[PDB]
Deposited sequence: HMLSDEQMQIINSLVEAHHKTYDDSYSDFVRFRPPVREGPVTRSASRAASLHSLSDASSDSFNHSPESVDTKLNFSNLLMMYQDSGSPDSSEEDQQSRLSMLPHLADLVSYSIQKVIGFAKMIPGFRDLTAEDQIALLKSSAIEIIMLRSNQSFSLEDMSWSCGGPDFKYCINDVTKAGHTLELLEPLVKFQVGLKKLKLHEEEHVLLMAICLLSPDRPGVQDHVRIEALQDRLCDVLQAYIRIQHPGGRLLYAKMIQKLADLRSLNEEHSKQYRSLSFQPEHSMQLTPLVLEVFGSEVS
């Protein structure tokens, strides 16, 4: 069988949005507070993460349907899933070799070494890298990788979501394409779809862990003053 135009349109809409919100040159990183190898990485990583939220937001605004949700629902979806979309989008720079994130080169090559001095512990980093490695192995296509981000972001089972039904539709019309594409365009992708959805479940645990650790950090002003207004607002607890 084969996909339909409507479906193909969705894929081109997403893939484009990703391209438009993910700079392969990573030249924006030079504008972050310099990396430094006591939480010496917090400034640079905080900037990287804030910057990523801005990209994740830009991506969402282009997911077809998303822009028609209520401003309230849009936020609820972002606040709860932004951290997962960031973990998903960051895989495109994760390297199995050096086991790190290589972004344009040195200074922007975050080994498990430097990633420690950002306020988080192994209780997060361990599962995180484990995730990046596992995910990196599914050698997804750009099309599938971008779909998974739109699916993750359009999960109606996030706290705060009002219309936990219209979002159900959207995510469903999304999982359809993913299932289809994998069937029609991915050789040896018979057990893929199921492996991907499992990743979305792993993102839930990582989300939980990051949340706990973020709270402890964020409670200490000597540390929260190192963050950015956007990071504070998005990862904040304001209802």
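Deposited positions lacking CA coordinates: According to the deposited record, C-alpha coordinates are absent for 38-97, 300, which together make up the missing parts.
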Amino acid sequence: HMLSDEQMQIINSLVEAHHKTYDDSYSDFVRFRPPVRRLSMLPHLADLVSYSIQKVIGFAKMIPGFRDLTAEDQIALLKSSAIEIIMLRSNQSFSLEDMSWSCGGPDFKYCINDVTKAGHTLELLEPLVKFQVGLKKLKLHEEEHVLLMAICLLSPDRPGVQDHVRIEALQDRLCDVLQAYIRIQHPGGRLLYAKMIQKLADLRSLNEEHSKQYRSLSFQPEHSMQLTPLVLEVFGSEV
From here on, numbers count along this sequence of modelled residues.
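The term rigid core refers to the maximal set of C-alpha atoms that superpose within 1.5 Å between the two forms.
Stretch departing more from the displayed form, 131-139 or 111-119, Cα RMS in 7 other deposited structures of this protein (core fit): The stretch that sits farther from the shown form in 7 other deposited structures of this protein is 111-119.
144-152 versus 97-105 - which carries the larger mean C-alpha B factor in the record: In the deposited entry, the stretch with the higher C-alpha B-factor mean is 97-105.
Between 69-77 and 107-115 (mean CA B-factor, as deposited), the higher: On average, C-alpha B-factors are higher across 107-115.
Residue with maximal Cα B-factor (values as given in the PDB entry) among 192, 48, 42, 60: Highest CA B-factor of the listed options: 192.
Chain-relative CA temperature factor third for residue 180: CA B-factor rank for residue 180: middle third.
CA B-factor ranking of residue 137, expressed as a third of its chain: Tercile = highest for this residue's CA B-factor.
Position of residue 89 among the chain's modelled residues by C-alpha B-factor, lowest, middle or highest third: Its C-alpha B-factor, which the entry lists for residue 89, ranks in the lowest third among residues of this chain.
Assigned third (lowest, middle, highest) for the C-alpha B factor of residue 207: It falls in the bottom third of the chain.
Residue 198 by Cα B-factor - lowest, middle or highest third of the modelled chain: Answer is highest: the recorded C-alpha B-factor places it there.
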